[PDB]
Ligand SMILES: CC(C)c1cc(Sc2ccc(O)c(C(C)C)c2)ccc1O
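Single chain ahead, by itself, as structure tokens, in the form deposited without the ligand.
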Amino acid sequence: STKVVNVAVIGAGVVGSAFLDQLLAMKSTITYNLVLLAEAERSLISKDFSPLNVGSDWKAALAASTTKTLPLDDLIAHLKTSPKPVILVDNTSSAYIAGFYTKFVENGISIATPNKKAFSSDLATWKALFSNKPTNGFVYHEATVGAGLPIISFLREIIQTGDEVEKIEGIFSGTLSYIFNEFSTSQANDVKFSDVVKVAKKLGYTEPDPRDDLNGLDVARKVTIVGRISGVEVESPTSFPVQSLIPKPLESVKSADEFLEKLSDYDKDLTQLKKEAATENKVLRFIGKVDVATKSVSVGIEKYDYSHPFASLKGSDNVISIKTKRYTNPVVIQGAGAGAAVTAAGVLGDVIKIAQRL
């Protein structure tokens, strides 16, 4: 009969709920059997390995559960006794959970996740991605760079095909892109930096503390990932230039709220640089850059021309320009690099790819 694959999910946040929904709704010829779901301490564990009885509302089911969440080692031991191939869907961003990735992998358990942690830390844990071992499951992380856009898979494909990436540059942060699309445009603009980031925060786009977006470390993580798949064995997300948008004097301030009240005090610079670029009929963008030839990598601001693909983005789109041996002219892929629905579809799509390979 039907081919089955058992799924174990950790986290039911914004991305995790979208994923679960889409997952439980997905029509297909392969059977995606939800056997586990974990959110904080409460957890649904189908000891039997039959589909979790979520009835028609896994939310309530997850609520009324009194099954404590299994310690990680116990999570592996459990999963290891499944009648079918297991796929762990880590919807968290816990570097803790990321520490067990290689343990999960090495025990035949596969992984699909938007979690950037394991993939943008030391090179040897990344090297662990070399799951060519016969006893370990697969590792997919599309939602890890650019939500659900056909990016990492497109690189792995052409590369295997025989192509060679040369230069990759793009916009990998939703928040940062939104800010720059609202701040630096093609038309006359008198908007202050402090205000755009002030609003992005209010709409709920920035992290609880926007300083966590402005230090450009999250894009540096994504860049670290693209750079590696691209052949530039980047040591860490911090081992290369990364321009911080945070005013040095506001680097050590008590609250995310003191930051916002005080930030206004430094519009000066960017207001001028924004202007300067206006004169040159250019725009300002926060990008990541990977130059395979010179093994150089970096993230920061850069002025782009109006006819440039990067000057024509909507809302908070992400963008990635891919230049390769056969692609003299970049393949440039653009679209939403954040949002629950979009991202979950990325995680699930990796679920699909993996379940077929099983």
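The term rigid core refers to the maximal set of C-alpha atoms that superpose within 1.5 Å between the two forms. Numbering starts at 1 and follows the sequence shown.
Item to check | Entry-level comparison of average CA B-factors, 317 to 325 and 46 to 54, reporting the higher stretch | outcome: According to the PDB entry, the answer is 46 to 54.
Next on the checklist: Comparing average C-alpha B factors as deposited, tell me which of 330 to 338 and 346 to 354 sits higher.
Outcome noted: The stretch with the larger mean CA B-factor is 330 to 338.
Next on the checklist: Take the CA temperature factors straight from the PDB entry and tell me which of 215, 264, 91, 153 peaks.
Outcome noted: Result of the comparison over 215, 264, 91, 153: 264.
Checklist entry - For the listed residues 69, 29, 65, 33, which one has the largest C-alpha B-factor as given in the deposited model? => result Highest C-alpha B-factor among the listed options: 65.
Checklist entry - If you rank every modelled residue in this chain by C-alpha B factor, which third holds residue 241: lowest, middle or highest? => result Its C-alpha B-factor belongs to the lowest third of this chain's values.
Checklist entry - Split the chain's modelled residues into thirds by Cα B-factor; is residue 146 in the lowest, middle or highest one? => result CA B-factor rank for residue 146: lowest third.
Next on the checklist: Ranking the modelled residues of this chain by C-alpha B-factor as given in the entry, is residue 109 in the lowest, middle or highest third?
Outcome noted: For residue 109, the deposited C-alpha B-factor lands in the middle third.
Next on the checklist: Could you place residue 103 in the lowest, middle or highest third of its chain by Cα temperature factor, using the values in the record?
Outcome noted: According to the entry, residue 103 has a C-alpha B-factor in the chain's highest third.
Checklist entry - Thinking about Cα B factors across the chain, which third does residue 255 belong to? => result Tercile = highest for this residue's CA B-factor.
Omitted from view is the form solved in complex with the ligand, to which the following refers.
Next on the checklist: Can you tell me if residue 285 lies within 4.5 angstroms of the ligand in the deposited complex, counting non-hydrogen atoms only?
Outcome noted: Contact check for residue 285: no, nothing within 4.5 Å of the ligand in the deposited complex.
Item to check | residue 259 within 4.5 Å of the ligand in the deposited complex, heavy atoms | outcome: Looking in the deposited complex, residue contacts with the ligand do not include residue 259, since no heavy atom lies within 4.5 Å.
Checklist entry - Going by a heavy atom distance of 4.5 Å, is residue 274 a contact of the ligand in the deposited complex? => result Residue 274 lies outside the contact set for the ligand.
Checklist entry - Quick one: does residue 183 come within 4.5 Å of the ligand in the deposited complex, counting heavy atoms only? => result Answer no; every heavy atom of residue 183 is more than 4.5 Å from the ligand in the deposited complex.
Checklist entry - Any idea which of 202 to 210, 78 to 86, 161 to 169, 264 to 272 reaches within 4.5 Å of the ligand in the deposited complex, heavy atoms considered? => result In short, 202 to 210.
Next on the checklist: Using a 4.5 Å heavy atom cutoff, which residues in 210 to 236 contact the ligand in the deposited complex? It's fine if the answer is none.
Outcome noted: Heavy-atom contacts within 4.5 Å come from 213, 218, 222.
Next on the checklist: Core-aligned, between this form and the one not shown, one residue among 278, 79, 105, 152 moves its CA by 2 Å or more. Tell me which.
Outcome noted: Everything else stays below 2 Å; the exception is 278.
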